[PDB]
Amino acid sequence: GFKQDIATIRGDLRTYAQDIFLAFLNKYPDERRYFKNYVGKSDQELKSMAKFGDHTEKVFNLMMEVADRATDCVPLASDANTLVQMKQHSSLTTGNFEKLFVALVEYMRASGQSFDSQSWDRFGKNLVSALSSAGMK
C-alpha cells in the first residue's frame, strides 16, 4: 500500500526522484520553463549536473516526508503551508502540482513495481485542496 510505496521510493530515492521528475517534464514539457538550467539538456546531461540530482532527490525527500506524516492520504496543513511559502514556489499554482501528480500516478501504473497508484492520486488531490487552503492560487 501507500506506506510500502514510501519505503520503495525511499530505498532508491535518487533513481525514482529522477525518473518521476523526468516523466513529469516529458508529459508536460512547458513545465521545464520553471527550471531554467535544465532547458536544452538531455536526460544524461541533466544527471551529470550536481544540482539536478540534488534538486530532485531533495524534492522527493520532502514529498516522502509529507506523505509519511499524512493520515489516510490527508496531508498536514502545516506541510502544505511549507510548500506554498517556499520562495522557489512563489509563481506556482495548484495546477502545477496537479500535473506532477498526474505524471507520478501514470508512471506508477506503467512500472514493473507494484504501487498503490489510487492512493497517490488521492494524496495528490488532498494535497492540492490543502495548497489552495494555504493560499496558493
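Between two forms, the rigid core is the largest collection of C-alphas that superpose within 1.5 Å. Quick note: we count residues from 1 along the sequence shown, nothing fancier.
Participant: Which stretch is less alike in 7 other deposited structures of this protein, 54 to 62 or 40 to 48, counting RMS CA distance after the rigid core is superposed?
Facilitator: Looking at 40 to 48 and 54 to 62 in 7 other deposited structures of this protein, the bigger mover is 40 to 48.
Participant: Fitting on the rigid core only, I'd like to know which of the two stretches, 106 to 114 or 72 to 80, ends up farther away in Cα terms in 7 other deposited structures of this protein.
Facilitator: Looking at 106 to 114 versus 72 to 80 in 7 other deposited structures of this protein, the farther one turns out to be 106 to 114.
Participant: On average, are the C-alpha B-factors higher in 65 to 73 or in 44 to 52?
Facilitator: Averaging CA B-factors over each stretch, the winner is 44 to 52.
Participant: State which stretch shows the higher mean Cα B factor in the entry: 108 to 116 or 85 to 93.
Facilitator: Stretch with the greater average CA B-factor: 85 to 93.
Participant: Can you tell me whether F101 has a C-alpha B-factor in the lowest, middle or highest third compared with the other modelled residues of the same chain?
Facilitator: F101: CA B-factor falls in the middle third of its chain.
Participant: Report the third (lowest, middle or highest) to which the CA temperature factor of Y28 belongs, ranking only the modelled residues of the same chain.
Facilitator: Middle third, going by the recorded CA B-factors of the chain.
Participant: Within this chain's modelled residues, let me know which third the CA B factor of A130 belongs to: lowest, middle or highest.
Facilitator: CA B-factor rank for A130: middle third.
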